[PDB]
Every structure is written in C-alpha cells, then in structure tokens.
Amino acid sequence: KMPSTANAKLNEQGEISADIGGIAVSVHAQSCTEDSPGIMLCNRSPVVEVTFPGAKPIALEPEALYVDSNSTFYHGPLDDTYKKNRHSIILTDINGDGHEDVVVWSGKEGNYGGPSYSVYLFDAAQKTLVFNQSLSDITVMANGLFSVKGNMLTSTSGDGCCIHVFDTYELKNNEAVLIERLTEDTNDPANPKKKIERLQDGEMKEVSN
C-alpha cells in the first residue's frame, strides 16, 4: 500500500495527463486564473477524468478545481500520521471496500478560508464515482482533509487559537455520521475546559465521561 505522488501543470490546451500508481488521471480546464504561487483556480467547467485499471474512464465535473502544480496528485491512505500535505487530486479508499475513491480540492470553505473538498466514492454497483454530500461536508470549516482509520474518520476544527474541536465520524455504507465531538477550551490555561458529546439514542448528547 505504498503512497505515490506526482506533479503537473496545465499545458497550452488546458490539459494535464498523469498515471499515478496505475490509475490514469487527466484534467481538462480552460480559462483558469492564478490564485497564488503555483496554484490555478479553474472554475469554468473543469473536468477530472479517472481511469481505474480494466475499467471505463469516469468523468468528474467539480464546481471548481484548485490545481497546485507543486502538489498535484496523491495516491495512498489518509493516515493522521502520514498525510499532512495538501494535494489537488487524491486517490484513496475512504470506505474500506478495496476500491479507490476520489477527493478533489474544489473550494476554500475550510477553516479560515483553507481548502475544502469534493469527495466521490466509487459505487461498485453503478461502476462510477458518486459525489458524497456527507463526506464533502466534513471538510467545510475543517482545518483540512480528514484522516481515515478503519471505519472511523477524524477531523479538527476550532478558532485557530484556544478552542479546538475534534470530531469523529463513523462511516457505514456511503454515509458518514458524527459519533463524538471533543471541545477543548484553553482560554484560561490555568483552567482548561473539556466538553465531550457522543451519539446516543440517535442524537449528540453531552456526557461527563
């Protein structure tokens, strides 16, 4: 399960074409504008086409695409240990069924205007990649893309100072559900406050333990 990466920039036809760990990925995007060094914002019908081995190409049409020519593609797991990078297009099995899914840097609705993502799970029945609202939504106001551990997904939020929120989601059948929210408040370093909420009887409840 070794992680592999690659970088690329949109050529004169607004095109990239790469093979990352045996999965071919192409990008077709015109009329992009430079957002910051090495990074183009493409929001005029950008297309990300993914061809898994032995399969028909699948075209994704994200609402926008941030193409970082210095960190373009990543193929590997979302380890809390391993992945502290930000990539434009990520191939990774989020739901543990043995087939890679796709994560695309599509917005900047993360915490303090950081990256937010569109998540697409491979749907084995349909032979396609299906946009996942619940998973994409985790990245909104998050400090970055979530990490995956078994069927558990972790994400952090907060005010970038003294309030930190640590979320744990359980993923069952294309559906991410929040099961735990840990809020730590260190505004008074001498009096740190910790709040634990957990999913109980179908609702998030504050708990002592």
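Residues carry their position along the shown sequence, with the first being 1.
- On average the C-alpha atoms of 181 to 189 have higher B-factors than those of the other stretch, with 20 to 28 and 181 to 189 being the two compared.
- Higher mean CA temperature factor between 170 to 178 and 63 to 71: 170 to 178, per the PDB entry.
- Take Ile39, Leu153, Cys162, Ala142 and read off each C-alpha B-factor from the entry; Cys162 has the highest.
- Sort the chain's modelled residues by C-alpha temperature factor and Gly54 lands in the middle third, per the entry.
- The entry lists a Cα temperature factor for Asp80 that places it in the highest third of the chain's modelled residues.
- Ranked by Cα temperature factor within the chain, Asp93 sits in the lowest third according to the deposited record.
- When the modelled residues of the chain are ordered by C-alpha B-factor, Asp101 sits in the lowest third.
- Ranked by Cα temperature factor within the chain, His87 sits in the middle third according to the deposited record.
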